[PDB]
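Student: Below you'll find the structure I mean.
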Ligand SMILES: [Th+4]
Ligand SMILES: [Th+4]
Ligand SMILES: [Th+4]
């Protein structure tokens, strides 16, 4: 259960002049990396989607949709704006048992095609982190996948902690 | 005495099709700046500034320019009133600007979430000035976009020494 | 304007001398003694590279001038590294103590950039040519302008010769 440490926040860029309206809608998880994310060849990770809706109060309603055990699973969360535009905290955190901390930081995006987002959580006093490569479609270029691999490794993650979920049709369209 | 490159006819200045006023709001950095009274100065190069567009209830923009000057943040506040067609504006309360008889704004192109080019024309002391700004949501833009902006500026009659790329800074505009 | 240090002039990696041969049109031309003559802008010329048995190039420049086709013939001898050349029989050029050629980049079948440096009367001249297999190029003109400026040259030292039909076809 030992973990690769979370990198210091100084190694995680923040998207300059983040546009919260432009970031909204559905994003597909085309890449996923983290200290508790592990490549499994026997049962490879299926792609899921995360949907961001801006509320009147500028927090996001965030719905994660996955296909799991023959069903569509839905996680509905609230992202509250954080210290800087492009950062978020999880709303009503006390209703998640074990969870003492949950940070979101958008690293880069061009809004209409791709994004990279960094997440850090403390759960049972264990510090987990992950990075998602988002696409507005289910596919992205080599170039972007490679940049995402390089960025994940710059945060201390080896190859086996970096996965490219297999596109599917169920639940996420 | 003043000698000015003439303003181009408006037919040489495109208009962004189906302009989305809500999407054009927020902060834009001035990454490129060209005009008949804009001059490159190597001794004291132009610092980057930002312009912030807020849509009002009545669809005019509140427009705030933020510059770093003499060690402080300077703030210019104006109003852009919608014009003949979407993407064009006039300056509100023009009589409070002494000498100013005319001021036109036309958004040439934008993709809203990264870049824009805006054309401005004003008549001040009966002198016809114009400029073009290359806007970015970030402080940097691609070669491709800078070159496009250079080409467009030249298509309106401006030589190289009337086209500048303000140097990125952190003070005031972050 | 001073010649830039050679460290600011790339060399084409793994230069293919056979593939570089044939006719190249001079679509761009820049240098510290090249000046836009705006009143009567310069005509395009061509430069033809023929590989000899001994791997030197026979290099023929063809211009249209005074109603005639003019021909300048020189020899480029391979230098320290593939893609670099020296001028052959340099001692027959009076005043010329040095002449270097360095191919900066090329894709062989469309475009190239070549850097030239010479010392003549103890004055250090340099120029850069943008070569095309055709008389027109794209993006590539802008790249050539930015490269020329990276070596210290302003806009007025960068020219785009006008395409013509006489002599160079
Ligand atoms: Th989770
Ligand atoms: Th003004
Ligand atoms: Th010569």
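Numbers in chain A come straight from Swiss-Prot, and the residues shown are 25-197, in order.
Method on record in the header is X-ray crystallography, 2.5 Å.
Positions of Cβ are set from backbone N, Cα and C atoms, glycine also.
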Student: For the carboxymycobactin site that Swiss-Prot lists with A:72, A:73, A:74, A:154, A:158, give the additional residue from the candidates A:93, A:145, A:169.
Tutor: A:145
Student: Within 10 Å of the Cβ of residue A:154 (carboxymycobactin binding site), how many other Cβ atoms can you find? Include all protein chains, please.
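Tutor: Excluding its own Cβ, the number within 10 Å is 18.
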Student: Where the distance is taken from Cα to Cα, which of the recorded positions A:85, A:96, A:126, A:195 turns out closest to residue A:145 (carboxymycobactin binding site)?
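Tutor: Nearest candidate: A:126.
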Student: Under 8 Å Cβ to Cβ from residue A:74 (carboxymycobactin binding site), same chain, six or more residues apart: give me those in sequence order, or none if nothing qualifies.
Tutor: A:50, A:51, A:53, A:86, A:87, A:88, A:89, A:156, A:158
Student: Using a 10 Å cut-off, grab the number of neighbouring Cβ atoms around the Cβ of residue A:85 (N-linked glycosylation site), all chains included.
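Tutor: So the Cβ neighbour count for residue A:85 (N-linked glycosylation site) comes to 15.
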Student: What subset of the recorded positions A:73, A:85, A:126, A:154 lies within 10 angstroms of residue A:195 (disulfide bond), using C-alpha positions?
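Tutor: The recorded positions close to residue A:195 (disulfide bond) (Cα within 10 Å), listed in sequence order, are A:73.
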Student: May I ask which of the recorded positions A:85, A:96, A:126 is closest to residue A:154 (carboxymycobactin binding site) if we compare their C-alpha atoms?
Tutor: A:126
Student: Which one is it: of the recorded positions A:73, A:96, A:195, which Cβ has the fewest other Cβ atoms within 10 Å in this structure?
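Tutor: Per-residue Cβ counts within 10 Å for the recorded positions A:73, A:96, A:195 bottom out at A:96.
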